[PDB]
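Below: the structure, in structure tokens.
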Amino acid sequence: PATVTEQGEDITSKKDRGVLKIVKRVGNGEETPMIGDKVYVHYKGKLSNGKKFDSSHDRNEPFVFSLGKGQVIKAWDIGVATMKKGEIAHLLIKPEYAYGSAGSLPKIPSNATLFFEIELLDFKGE
Ligand SMILES: COc1ccc(CC[C@H]2OC(=O)[C@@H]3CCCCN3C(=O)[C@@H](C3CCCCC3)c3cc(OC)c(c(OC)c3)OCCOC/C=C\COc3cccc2c3)cc1OC
């Protein structure tokens, strides 16, 4: 997470560093998911300080959602939108792009900075 702080690319339209990304593994894909595409990922998630660890692997199930429909935090609609199939991205997220000053307790404290390792398994339209 500190690495992303230093090295991570800004992928916010507004470029406020609210969302930062390192492409760790390059995908075989040439396409990215469109808004309204059903998205299939593996993911690991923690607060910046390593607390509240969560993963699709542990839940024995991929995390499936439709892109750009606010099913997930702003940071995910922005971040997975940049990703290619087979790609693994690292994300460091400002609370403004996650749960904000209100947070979401008990899991998400007030003004929490999140870290995600996401693997984009696939995406489909229709
Ligand atoms: C439009 O804005 C929102 C959209 C959706 C939500 C609800 C939470 C949502 O989760 C997320 O947005 C992100 C990104 C997708 C992976 C999960 N996630 C989380 O933030 C994680 C959180 C990662 C950081 C360590 C603590 C757990 C994360 C993981 C959680 O448990 C797996 C979690 C949670 O809620 C605070 C956040 O618990 C609530 C869900 O209980 C279990 C049920 C379903 C599985 O979790 C889901 C399902 C769908 C969406 C999410 C969780 C709040 C939003 O407000 C900003």
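By convention here, the chains of the structure tokens are called A, B, ... in the order presented, each chain's residues are numbered starting at 1, and ligands are numbered starting at 1 in the order presented.
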Open item on the list: Residues contacting ligand 1 - anything with an atom at most 9 Å away, using only C-alpha atoms and all ligand atoms - can you give me those as a ChimeraX atom specification?
Closed with: /A:43-48,50-56,59,63-65,69-76,97-100,103-108,112-116
Write out as a tab-separated table (two decimals) with C-alpha atoms, in the first residue's frame all residues of chain A that DSSP puts in strand (DSSP E) for this structure's backbone.
chain	number	residue	atom	x	y	z
A	9	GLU	CA	-0.59	5.71	-11.35
A	10	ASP	CA	-3.55	8.17	-10.86
A	19	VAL	CA	-7.47	6.19	-6.69
A	20	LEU	CA	-3.94	4.88	-7.52
A	21	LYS	CA	-3.05	1.73	-9.52
A	22	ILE	CA	-0.02	-0.54	-10.18
A	23	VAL	CA	-0.52	-3.16	-13.00
A	24	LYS	CA	1.33	-6.15	-11.35
A	25	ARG	CA	0.36	-8.92	-13.90
A	38	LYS	CA	-21.10	-8.13	-15.85
A	39	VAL	CA	-17.58	-8.38	-14.26
A	40	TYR	CA	-15.92	-11.51	-12.67
A	41	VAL	CA	-12.91	-11.00	-10.30
A	42	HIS	CA	-10.72	-12.55	-7.65
A	43	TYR	CA	-9.83	-9.88	-5.02
A	44	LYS	CA	-8.01	-9.36	-1.70
A	45	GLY	CA	-8.98	-6.28	0.38
A	46	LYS	CA	-7.59	-4.57	3.54
A	47	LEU	CA	-7.55	-1.16	5.26
A	54	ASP	CA	-11.14	-9.90	3.10
A	55	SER	CA	-10.88	-12.13	-0.06
A	63	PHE	CA	-17.16	-11.47	-6.83
A	64	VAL	CA	-19.63	-10.82	-9.75
A	65	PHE	CA	-21.07	-7.28	-10.32
A	66	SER	CA	-22.22	-5.07	-13.27
A	88	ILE	CA	-3.89	-8.19	-11.68
A	89	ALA	CA	-4.01	-4.56	-10.38
A	90	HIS	CA	-2.97	-3.06	-6.99
A	91	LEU	CA	-5.22	-0.16	-5.74
A	92	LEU	CA	-4.77	2.40	-2.88
A	93	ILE	CA	-8.05	4.32	-2.38
A	114	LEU	CA	-8.45	0.79	1.41
A	115	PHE	CA	-5.99	-1.52	-0.45
A	116	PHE	CA	-7.17	-4.00	-3.13
A	117	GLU	CA	-5.36	-6.68	-5.13
A	118	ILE	CA	-7.91	-7.45	-7.94
A	119	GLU	CA	-7.64	-10.16	-10.65
A	120	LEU	CA	-10.15	-9.57	-13.51
A	121	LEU	CA	-11.26	-13.13	-14.48
A	122	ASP	CA	-13.72	-12.12	-17.28
A	123	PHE	CA	-16.47	-9.63	-18.35
A	124	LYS	CA	-19.64	-10.02	-20.55
TODO: List the neighbours of residue 31 (chain A) out to 8 Å using only C-alpha atoms; skip same-chain residues closer than 2 positions along the sequence, and give me the result as a PyMOL selection string.
DONE: chain A and resi 29+33+84-85
Restricted to C-alpha atoms, what would the selected residues look like written as an mmCIF file, in the first residue's frame?
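Writing the result to selection.cif gives the following:
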data_model
loop_
_atom_site.group_PDB
_atom_site.id
_atom_site.type_symbol
_atom_site.label_atom_id
_atom_site.label_comp_id
_atom_site.auth_asym_id
_atom_site.auth_seq_id
_atom_site.Cartn_x
_atom_site.Cartn_y
_atom_site.Cartn_z
ATOM 1 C CA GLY A 29 -6.775 -9.294 -23.164
ATOM 2 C CA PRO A 33 -15.050 -4.095 -19.462
ATOM 3 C CA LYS A 84 -7.767 -6.200 -18.989
ATOM 4 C CA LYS A 85 -8.763 -9.924 -18.774
#
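The space separating CA of residue 109 (chain A) from CA of residue 2 (chain A) comes to 19.0 Å.
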Task: Separation of CA of residue 126 (chain A) from CA of residue 35 (chain A), in Å and rounded to one decimal - done: 11.4 Å
Task: Residues near residue 81 (chain A), cut-off 7 Å, only C-alpha atoms, skip fewer than 4 positions along chain, as number ranges by chain - done: A: 32-34, 77
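The spacing separating CA of residue 1 (chain A) from CA of residue 49 (chain A) amounts to 8.3 Å.
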TODO: Could you give me, as number ranges by chain, each residue of chain A that DSSP assigns to helix (DSSP H, G or I) when run on this structure's backbone?
DONE: A: 2-7, 74-82, 95-97
For N, CA and C atoms, I'd like the residues from the last selection saved as an mmCIF file, in the first residue's frame.
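part.cif written:
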data_model
loop_
_atom_site.group_PDB
_atom_site.id
_atom_site.type_symbol
_atom_site.label_atom_id
_atom_site.label_comp_id
_atom_site.auth_asym_id
_atom_site.auth_seq_id
_atom_site.Cartn_x
_atom_site.Cartn_y
_atom_site.Cartn_z
ATOM 1 N N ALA A 2 1.893 1.356 0.822
ATOM 2 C CA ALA A 2 2.871 2.477 0.839
ATOM 3 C C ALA A 2 3.564 2.611 -0.533
ATOM 4 N N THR A 3 3.857 1.484 -1.192
ATOM 5 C CA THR A 3 4.431 1.411 -2.563
ATOM 6 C C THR A 3 3.487 2.142 -3.520
ATOM 7 N N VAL A 4 2.194 1.816 -3.482
ATOM 8 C CA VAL A 4 1.186 2.457 -4.379
ATOM 9 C C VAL A 4 1.192 3.975 -4.118
ATOM 10 N N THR A 5 1.313 4.393 -2.852
ATOM 11 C CA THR A 5 1.365 5.820 -2.422
ATOM 12 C C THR A 5 2.475 6.530 -3.210
ATOM 13 N N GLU A 6 3.685 5.959 -3.186
ATOM 14 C CA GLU A 6 4.889 6.444 -3.923
ATOM 15 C C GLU A 6 4.698 6.257 -5.440
ATOM 16 N N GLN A 7 4.459 5.014 -5.887
ATOM 17 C CA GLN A 7 4.681 4.574 -7.292
ATOM 18 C C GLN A 7 3.383 4.512 -8.116
ATOM 19 N N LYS A 74 -17.052 3.659 -5.496
ATOM 20 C CA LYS A 74 -16.641 4.489 -6.664
ATOM 21 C C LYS A 74 -15.289 3.974 -7.196
ATOM 22 N N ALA A 75 -14.371 3.672 -6.280
ATOM 23 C CA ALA A 75 -12.984 3.249 -6.580
ATOM 24 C C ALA A 75 -12.962 2.001 -7.476
ATOM 25 N N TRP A 76 -13.950 1.111 -7.352
ATOM 26 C CA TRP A 76 -14.006 -0.171 -8.102
ATOM 27 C C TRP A 76 -14.547 0.080 -9.510
ATOM 28 N N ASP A 77 -15.599 0.901 -9.643
ATOM 29 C CA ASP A 77 -16.180 1.300 -10.955
ATOM 30 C C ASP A 77 -15.097 2.011 -11.786
ATOM 31 N N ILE A 78 -14.194 2.753 -11.141
ATOM 32 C CA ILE A 78 -13.075 3.487 -11.811
ATOM 33 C C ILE A 78 -11.957 2.475 -12.145
ATOM 34 N N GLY A 79 -11.541 1.690 -11.156
ATOM 35 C CA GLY A 79 -10.349 0.820 -11.228
ATOM 36 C C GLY A 79 -10.502 -0.362 -12.167
ATOM 37 N N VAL A 80 -11.623 -1.099 -12.099
ATOM 38 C CA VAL A 80 -11.819 -2.353 -12.902
ATOM 39 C C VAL A 80 -12.109 -1.932 -14.345
ATOM 40 N N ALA A 81 -12.604 -0.706 -14.527
ATOM 41 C CA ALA A 81 -12.888 -0.110 -15.849
ATOM 42 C C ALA A 81 -11.578 -0.005 -16.648
ATOM 43 N N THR A 82 -10.422 0.119 -15.971
ATOM 44 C CA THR A 82 -9.081 0.287 -16.616
ATOM 45 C C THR A 82 -8.455 -1.082 -16.947
ATOM 46 N N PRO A 95 -10.624 7.716 1.098
ATOM 47 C CA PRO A 95 -11.975 7.428 1.579
ATOM 48 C C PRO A 95 -13.053 8.057 0.681
ATOM 49 N N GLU A 96 -12.791 9.261 0.167
ATOM 50 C CA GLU A 96 -13.689 10.000 -0.765
ATOM 51 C C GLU A 96 -14.150 9.064 -1.889
ATOM 52 N N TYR A 97 -13.322 8.073 -2.261
ATOM 53 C CA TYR A 97 -13.543 7.129 -3.387
ATOM 54 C C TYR A 97 -13.931 5.739 -2.862
#
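With distances taken over only C-alpha atoms, A:94 is the one residue among A:94, A:125, A:83, A:14 lying closest to residue 111 (chain A).
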